[PDB]
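Note sheet for the following structure.
Chain A is the first sequence line, chain B the second, and so forth, proteins listed ahead of strands; every chain is numbered from 1.
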Amino acid sequence: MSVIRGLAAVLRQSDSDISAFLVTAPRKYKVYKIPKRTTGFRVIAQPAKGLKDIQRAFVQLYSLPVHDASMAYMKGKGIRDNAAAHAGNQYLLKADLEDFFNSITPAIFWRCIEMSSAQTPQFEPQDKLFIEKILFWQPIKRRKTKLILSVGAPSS
DNA sequence: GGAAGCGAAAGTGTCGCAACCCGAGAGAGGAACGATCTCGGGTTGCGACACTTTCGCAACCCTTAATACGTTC
């Protein structure tokens with residue numbers, strides 16, 4: 001069963017238990033408000049411990065392509081490298097993205113899978129439903145089709 | 001995404017005011033009958049404004065978080 005089999009192998013848990021856990025998994029988030037530095041609050045949704053472990057095992061199991069221009073969440077690279085890339089230069093064009101993490105839906109993730117220029121792990125159609133449960137957060141309880149990436153999750 | 005309150009924005013009805021019309025009437029002149037100006041309703045058009053509808057700001061944070069110290073998203 002591909003993905004669930006690998007997750008069971010890594011997490012030392014039965015396939016049936018992991019499959020049963022990944023049914024209401026997108027709802028398994030605890031959301032809290034962290035203070036902003038000047039004023040206001042920031043809403044962060046953090047998954048439960050079991051879902052966190054599942055996400056960590058999944059991201060360790062499957063390696064997705066990343067670019068060398070990305071300096072965030074990369075091993076050995078951080079703030080200093082990002083700043084030093086433009087240390088010797090004169091003009092700059094700092095830009096931002098509009099609600100970046102919450103704008104990544106399962107449709108976007110699956111679309112980017114199929115048109116990638118680099119190697120992409122092969123996903124069976126049976127596990128494509130489980131991938132969405134593993135990765136994405138479901139912020140409204142009544143709406144089940146609204147799935148977005150949540151900052152504060154290990155896989156995001 | 002969107003409680004509960006509330007207010008913006010836009011559309012629609014309404015209602016009072018002005019403007020005019022039309023019949024009644026006392027009676028100017030000058031020798032009678034009724035000119036002419038006013039009283040009392042009545043109708044219509046119009047525009048300011050009240051009323052009506054829709055939208056949008058943004059509580060809470062869901063059962064489900066972790067808690068050596070600092071930046072960053």
- prompt: Passes side chain to side chain contact (heavy atoms under 4.5 Å, CB included), A:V10 versus A:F58? Steps please.
  reply: CA-CA 9 Å; A:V10 189; A:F58 173 77; over 6 Å; no

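- Under the 4.5 Å side-chain criterion, counting only non-hydrogen atoms from C-beta, A:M1 is not in contact with A:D127.
- Applying the 6.0 Å contact sphere to CZ of A:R42 captures no more than 12 heavy atoms from other residues, nucleotides or ligands.
- Side-chain heavy atoms closer than 4.5 Å link hydrophobic residues (I, L, V, M, F, W, Y) into clusters, and following such links, possibly through other members, connects A:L61 to A:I134.
- For the atom pair OG1 (A:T105) and CZ (A:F136), the distance works out to 7.0 Å, reported to the nearest 0.5 Å.
- Remark: A:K33 qualifies as a cation-pi partner of A:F41 under the 6.0 Å distance and 45° angle criteria applied to the six-membered ring.
- A:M74 shares a hydrophobic cluster with A:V66; the chain of contacts runs through ILVMFWY side chains whose heavy atoms sit under 4.5 Å apart.
- When every heavy atom of A:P154 is checked against every heavy atom of A:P47, the shortest pair comes out as CD-CG, 4.0 Å.
- Rounded to the nearest 0.5 Å, atoms OG (A:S103) and CG (A:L149) are 10.0 Å apart.
- We find the NZ-CZ distance between A:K77 and A:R80 to be 12.5 Å, quoted to the nearest 0.5 Å.
- For the atom pair A:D17 CG and A:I4 CD1, the distance stands at 11.5 Å (nearest 0.5 Å).
- Here the straight-line distance linking atom OG of A:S116 with atom CG of A:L64 works out to 9.5 Å at 0.5 Å rounding.
- When hydrophobic side chains of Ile, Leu, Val, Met, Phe, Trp and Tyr are connected at separations under 4.5 Å, A:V43 ends up clustered with A:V31.
- The environment of CD in A:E114 is crowded: more than 12 heavy-atom neighbours from other residues, nucleotides or ligands sit within 6.0 Å.
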task: Please report the C-alpha distance between A:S156 and A:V151 in whole Å, then the side-chain angles of each, then the deciding distance to 0.1 Å, and finally whether the side chain to side chain contact (heavy atoms under 4.5 Å, CB included) criterion is met.
output: CA-CA 6 Å; A:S156 281; A:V151 70; 5.9 Å; no

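- Figure legend: cation-pi geometry between A:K28 and A:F21, with NZ or CZ positioned under 6.0 Å from the six-membered ring centre and within 45° of its axis.
- There is a side-chain donor-acceptor pair under 3.5 Å between A:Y32 and A:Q46.
- Under the rule for a salt bridge (charged side-chain N to carboxylate O under 4.0 Å, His left out), the partners of A:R56 that lie at least two apart in sequence or sit in another chain are A:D53.
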